[PDB]
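Report on one structure; see the data block that follows.
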Amino acid sequence: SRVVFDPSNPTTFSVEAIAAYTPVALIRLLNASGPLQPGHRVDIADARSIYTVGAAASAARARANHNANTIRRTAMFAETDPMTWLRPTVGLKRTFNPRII
Amino acid sequence: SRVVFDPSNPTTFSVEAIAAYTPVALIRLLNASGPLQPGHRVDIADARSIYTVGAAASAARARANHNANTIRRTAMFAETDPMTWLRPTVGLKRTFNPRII
Amino acid sequence: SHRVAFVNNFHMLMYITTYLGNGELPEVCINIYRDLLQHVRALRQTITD
């Protein structure tokens, strides 16, 4: 599922399983494509879309795995409940170097 | 105990004993899950009054212990001259250290 | 904010000006306070003159 001749097998299956850096390097070092006649070379838009979807999924998985210092999140809009007679904690968003968490 | 129909009951002791941030967060998270039909018709004025008086009592109790470390304090108001015939009344001059710790 | 601030209040401003000139030297503030006091005094005395 890593043949560069057909740009449909290494789209998401070989990208979302592990880090995409190695498949990207392999694709870069293995030219672009060979014989486009015996394969599903038509409708390259779908292949590009599925490849980008797989890359986005891999990036999101890597970010979730590496986000060990940022797990708690909240909203920014206020006055979302009728019981807003008090002032909650202000704090700050994720705009600082990770030192405490 | 922890009935949402009377939110003003399980807040006074929490404010008095376990600081104020934890009861404030508990009140904010509890909000008004039930409609106005059940419970009592006291709305929220009584709850706000009990919260304010509890916070005032807690602040007074904290200040009573905090002010026990003082030694002496002067008054900037007039008519504060024990011996008017000795020296004329003068204001307080800040030249020494404002605080020790 | 080096610009002028906290000028809406007037009752406490005169007390601060008259009590801050005992043994301290806050020149930046006292210069502006004296200029404002002189301007107010001149405006008041224009009518009486």
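Read-outs throughout are calculated quantities, based only on the coordinates presented, and are distinct from any laboratory measurement. Don't worry about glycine lacking a Cβ; one is built from the backbone with ideal geometry, like all the others, and counts go over all protein chains shown.
Looking at the range B:29-68, which of its residues are within 13 Å of chain A (Cβ to nearest Cβ), surrounded by 10 or more Cβ atoms within 10 Å (Cβ to Cβ) and among the hydroxyl-bearing types (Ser, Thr, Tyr)?
Those that are within 13 Å of chain A (Cβ to nearest Cβ), surrounded by 10 or more Cβ atoms within 10 Å (Cβ to Cβ) and among the hydroxyl-bearing types (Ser, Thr, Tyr): B:49, B:51, B:52.
I'm trying to understand the selection: among the residues of the range B:79-101, which are among the aliphatic types (A, V, I, L, M) and closer than 20 Å to residue C:24 by Cβ?
Passing the criteria: B:90, B:92.
Among the residues in the range A:5-16, are any surrounded by 10 or more Cβ atoms within 10 Å (Cβ to Cβ), under 30 Å from residue B:28 (Cβ atoms) and of a type outside the set (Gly, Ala, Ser)?
Within the range A:5-16 (the criterion being surrounded by 10 or more Cβ atoms within 10 Å (Cβ to Cβ), under 30 Å from residue B:28 (Cβ atoms) and of a type outside the set (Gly, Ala, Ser)), the answer is no, since none of the residues qualifies.
Would you be able to tell me the number of residues in the range B:1-20 that are farther than 14 Å from residue B:54 by Cβ and either touching a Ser or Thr at 6+ places or on another chain (Cβ under 9 Å) or basic (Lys, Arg) (or both)?
Number satisfying all stated conditions: 2.
Please return the ranges of helices (runs of 4 or more DSSP H) entirely within the range B:8-67 where 2 or more residues are closer than 16 Å to residue A:88 by Cβ.
B:21-30, B:45-66
Yes or no, residue by residue, for (1) part of a helix (DSSP H, G or I); (2) over 28 Å from residue B:93 (Cβ atoms); (3) in contact with a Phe, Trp or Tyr (Cβ under 9 Å, 6 or more places away or on another chain); (4) of a type outside the set (A, V, I, L, M):
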| position | (1), (2), (3), (4) |
| --- | --- |
| C:1 | no, yes, no, yes |
| C:5 | no, no, no, no |
| C:15 | yes, no, no, yes |
| C:18 | yes, no, no, yes |
| C:24 | no, no, no, yes |
| C:29 | yes, no, no, yes |
| C:33 | yes, no, no, yes |
| C:38 | yes, no, no, yes |
| C:43 | yes, yes, no, no |
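Are there any pairs with C-beta distances below 8 angstrom linking a residue in the range A:69-91 that is within 29 Å of residue B:35 (Cβ to Cβ) and facing another protein chain (nearest Cβ under 8 Å) to a residue that is among the polar types (S, T, N, Q) and in a loop (DSSP other than H, G, I, E, B), with the two at least 6 apart or on different chains, and if so which?
A:81/B:31; A:82/B:31; A:83/B:31
How many residues are surrounded by 13 or more Cβ atoms within 10 Å (Cβ to Cβ) and more than 12 Å from chain A (Cβ to nearest Cβ) if we restrict to the range B:17-28?
Looking only at that region, the number is 0.
So, in the range A:45-68, of the ones that are among the β-branched types (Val, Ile, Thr) and touching a residue at least 24 places away in the same chain (Cβ under 8 Å), which residue ends up nearest to residue B:44 (Cα to Cα)?
Only one residue tops the list, namely A:53.
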